[PDB]
């Protein structure tokens, strides 16, 4: 006797709302999409000092969830014939031809297996010239293709090459090509002056208001800002790729194709992928220190999971994000906060909600 919208709101109140007080989080947006119906739940303030409530217009930083858009851009360029994932970066960034990094192929860059790229660029690598010099001075460590080490410079370089192959800056790849193709009208690499009123403050661990600062190859690694409606639309596209023209449909499918495994995690393009149903521990393991911060041997896919799910966490200094979707259940969920909370809490709360919603 309780309508489905209320049942979903109750589950979000039970599992996500307590996080606001536990982690002193000013604002949160949680969305669920099920069977093409969208449910949006907003809590708290996008700006504490302005007493401005979080709402459907609130723009949040996606952090590493941005890599999903970079992966989609790569799938689009590949399916248009602009790149092959077997190409090396010097084919497009000519200044890298005949350098050691030109031995790594695009898929290895997108999926973090160059064997010598860390989580972040060095602090002093700032300018375009400094980024190029960094890649020219790169030298292999581990055998190329054997070890996964999660890396912003790695997928950032992939993104730059994708942009080169499409003859536009990366920001314009997303804002002029990818976002319009996915029907996202409130998603940005650079938030225009006319929308800054909707851009939430992030909040640091001292609850002080902040927003992301510029950095090297920031756009492809962690550069996107979006709203909850737009992120529900992005989940919708991933749930229904057959609803887009062939090139974008194939681009989306490319991001869903698992490439190798590390234990129970399948590395797709941008997305992490898992057999469904996935135990909670499987999902937590994907965000463990061992997987996120250390190098790990990759193995070929053995079980190609027929029934599967995908997720991705992301953070910036002042924001947290989690997105997850389950194709055969026709369901997905997005969480956006303007303060980081532990990845494990995001995964746990989403797991409880998604498993309890009636089919």
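Numbering follows the first chain given and starts at 1.
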_Going by the mean C-alpha B-factor recorded in the entry, which is higher: 256-264 or 93-101?_
93-101
*If you average the Cα B factors in the entry, which is higher, 181-189 or 265-273?*
181-189
*For the listed 234, 222, 112, 85, which has the peak Cα B-factor recorded in the PDB entry?*
85
*For the listed residues 35, 47, 313, 56, which one has the largest C-alpha B-factor as given in the deposited model?*
35
*Which third of the chain does residue 241 land in by C-alpha B-factor: lowest, middle or highest?*
highest
*For residue 134, the third of its chain into which the C-alpha B factor falls*: highest
*residue 297: which third of its chain by C-alpha temperature factor?*
middle
_Based on the deposited C-alpha B factors for this chain, I'd like to know if residue 81 is in the lowest, middle or highest third._
highest
*Within this chain's modelled residues, let me know which third the CA B factor of residue 108 belongs to: lowest, middle or highest.*
middle
